[PDB]
Protein chains: 2
Amino acid sequence: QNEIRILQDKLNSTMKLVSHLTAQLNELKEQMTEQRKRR
Amino acid sequence: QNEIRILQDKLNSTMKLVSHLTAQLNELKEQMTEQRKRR
């Protein structure tokens, strides 16, 4: 049961990592938009 | 006591996860605003 709780925490961490990846993609899109605006 | 410190670290991680969820919601709102602007 303690391992199951740890597994649930790991799943939450995986969800956070997925959100971080989405944030990184958004940052890349923002950087591309800034570059286009500068040009 | 060491477990209590680990629990405190886990609570900090949970707070970070909550902040990450808020950031994801903000990113979704930004994406919706960008879509509305494009339309």
# chains A, B, ... in the order shown; residues from 1 in each chain; ligands from 1
call {"tool": "calpha_fit_and_write", "arguments": {"fixed": "chain B", "moving": "chain A", "output": "compact mmCIF listing (two decimals) with N, CA, C and O atoms, in the first residue's frame"}}
result
# COMPACT_ATOMS: atom_id res chain seq x y z
N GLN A 1 12.19 11.68 12.81
CA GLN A 1 12.50 13.07 12.48
C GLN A 1 12.97 13.19 11.04
O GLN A 1 12.60 14.13 10.33
N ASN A 2 13.80 12.24 10.59
CA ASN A 2 14.21 12.24 9.18
C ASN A 2 13.01 12.05 8.27
O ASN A 2 12.90 12.70 7.22
N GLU A 3 12.08 11.16 8.65
CA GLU A 3 10.86 10.99 7.87
C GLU A 3 10.03 12.26 7.87
O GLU A 3 9.43 12.61 6.84
N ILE A 4 9.98 12.97 9.00
CA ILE A 4 9.26 14.24 9.04
C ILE A 4 9.87 15.23 8.06
O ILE A 4 9.15 15.94 7.34
N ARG A 5 11.20 15.30 8.00
CA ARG A 5 11.86 16.16 7.03
C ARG A 5 11.52 15.72 5.61
O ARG A 5 11.28 16.56 4.73
N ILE A 6 11.50 14.41 5.36
CA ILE A 6 11.09 13.91 4.05
C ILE A 6 9.65 14.29 3.76
O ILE A 6 9.30 14.67 2.64
N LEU A 7 8.78 14.20 4.78
CA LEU A 7 7.39 14.61 4.59
C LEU A 7 7.30 16.09 4.25
O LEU A 7 6.50 16.49 3.40
N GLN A 8 8.11 16.92 4.91
CA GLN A 8 8.13 18.34 4.57
C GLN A 8 8.58 18.55 3.13
O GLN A 8 8.02 19.39 2.41
N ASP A 9 9.59 17.80 2.69
CA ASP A 9 10.01 17.88 1.29
C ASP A 9 8.89 17.44 0.36
O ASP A 9 8.68 18.05 -0.70
N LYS A 10 8.17 16.39 0.73
CA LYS A 10 7.03 15.95 -0.08
C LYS A 10 5.97 17.03 -0.15
O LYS A 10 5.38 17.26 -1.22
N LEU A 11 5.70 17.71 0.97
CA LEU A 11 4.74 18.81 0.95
C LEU A 11 5.21 19.92 0.02
O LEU A 11 4.40 20.50 -0.72
N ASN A 12 6.50 20.24 0.05
CA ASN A 12 7.04 21.23 -0.88
C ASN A 12 6.87 20.78 -2.32
O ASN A 12 6.52 21.58 -3.20
N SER A 13 7.10 19.49 -2.59
CA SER A 13 6.89 18.96 -3.93
C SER A 13 5.42 19.08 -4.33
O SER A 13 5.11 19.42 -5.48
N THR A 14 4.51 18.80 -3.40
CA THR A 14 3.09 18.95 -3.70
C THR A 14 2.75 20.40 -4.02
O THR A 14 1.97 20.67 -4.94
N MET A 15 3.33 21.35 -3.28
CA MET A 15 3.12 22.76 -3.59
C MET A 15 3.66 23.09 -4.98
O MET A 15 3.02 23.84 -5.73
N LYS A 16 4.82 22.55 -5.33
CA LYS A 16 5.36 22.77 -6.67
C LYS A 16 4.44 22.19 -7.73
O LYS A 16 4.22 22.80 -8.78
N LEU A 17 3.88 21.00 -7.47
CA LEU A 17 2.94 20.41 -8.41
C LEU A 17 1.70 21.29 -8.57
O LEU A 17 1.19 21.46 -9.68
N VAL A 18 1.20 21.85 -7.47
CA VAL A 18 0.06 22.76 -7.55
C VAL A 18 0.42 23.98 -8.38
O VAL A 18 -0.37 24.44 -9.21
N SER A 19 1.61 24.53 -8.16
CA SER A 19 2.06 25.66 -8.97
C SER A 19 2.18 25.27 -10.44
O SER A 19 1.82 26.05 -11.33
N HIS A 20 2.68 24.06 -10.71
CA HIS A 20 2.77 23.59 -12.09
C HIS A 20 1.39 23.49 -12.72
O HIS A 20 1.20 23.85 -13.88
N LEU A 21 0.41 22.99 -11.96
CA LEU A 21 -0.96 22.92 -12.47
C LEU A 21 -1.49 24.31 -12.78
O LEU A 21 -2.15 24.52 -13.80
N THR A 22 -1.22 25.28 -11.90
CA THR A 22 -1.64 26.65 -12.17
C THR A 22 -0.95 27.19 -13.42
O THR A 22 -1.58 27.88 -14.23
N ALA A 23 0.34 26.90 -13.59
CA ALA A 23 1.04 27.33 -14.79
C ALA A 23 0.43 26.70 -16.03
O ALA A 23 0.29 27.36 -17.07
N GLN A 24 0.07 25.42 -15.96
CA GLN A 24 -0.57 24.76 -17.09
C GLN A 24 -1.90 25.42 -17.42
O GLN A 24 -2.22 25.62 -18.60
N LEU A 25 -2.68 25.77 -16.40
CA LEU A 25 -3.94 26.48 -16.64
C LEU A 25 -3.68 27.83 -17.29
O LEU A 25 -4.41 28.24 -18.20
N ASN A 26 -2.66 28.55 -16.82
CA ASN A 26 -2.32 29.83 -17.44
C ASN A 26 -1.90 29.64 -18.89
O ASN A 26 -2.28 30.44 -19.76
N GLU A 27 -1.13 28.60 -19.18
CA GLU A 27 -0.73 28.33 -20.55
C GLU A 27 -1.94 28.04 -21.43
O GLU A 27 -2.02 28.51 -22.57
N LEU A 28 -2.90 27.27 -20.91
CA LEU A 28 -4.12 26.99 -21.66
C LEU A 28 -4.89 28.28 -21.93
O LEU A 28 -5.41 28.48 -23.04
N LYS A 29 -4.98 29.16 -20.94
CA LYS A 29 -5.65 30.44 -21.14
C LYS A 29 -4.92 31.27 -22.19
O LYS A 29 -5.56 31.91 -23.04
N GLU A 30 -3.59 31.28 -22.15
CA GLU A 30 -2.82 32.01 -23.15
C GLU A 30 -3.06 31.43 -24.54
O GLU A 30 -3.20 32.18 -25.52
N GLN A 31 -3.11 30.10 -24.66
CA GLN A 31 -3.38 29.49 -25.95
C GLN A 31 -4.76 29.87 -26.46
O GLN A 31 -4.94 30.15 -27.65
N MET A 32 -5.76 29.88 -25.57
CA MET A 32 -7.10 30.28 -25.97
C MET A 32 -7.12 31.73 -26.44
O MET A 32 -7.77 32.07 -27.43
N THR A 33 -6.41 32.61 -25.73
CA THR A 33 -6.34 34.01 -26.14
C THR A 33 -5.67 34.14 -27.51
O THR A 33 -6.11 34.92 -28.35
N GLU A 34 -4.60 33.38 -27.74
CA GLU A 34 -3.93 33.42 -29.04
C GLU A 34 -4.86 32.94 -30.14
O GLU A 34 -4.90 33.53 -31.23
N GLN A 35 -5.62 31.88 -29.88
CA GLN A 35 -6.57 31.39 -30.88
C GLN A 35 -7.63 32.43 -31.18
O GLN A 35 -7.99 32.65 -32.35
N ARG A 36 -8.15 33.10 -30.15
CA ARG A 36 -9.15 34.14 -30.36
C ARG A 36 -8.57 35.29 -31.17
O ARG A 36 -9.24 35.83 -32.07
N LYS A 37 -7.33 35.69 -30.87
CA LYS A 37 -6.71 36.77 -31.63
C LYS A 37 -6.53 36.39 -33.09
O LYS A 37 -6.76 37.22 -33.98
N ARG A 38 -6.13 35.15 -33.36
CA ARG A 38 -5.96 34.71 -34.74
C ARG A 38 -7.28 34.75 -35.50
O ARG A 38 -7.33 35.17 -36.66
N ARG A 39 -8.37 34.32 -34.86
CA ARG A 39 -9.68 34.32 -35.49
C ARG A 39 -10.15 35.74 -35.75
O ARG A 39 -9.74 36.37 -36.73
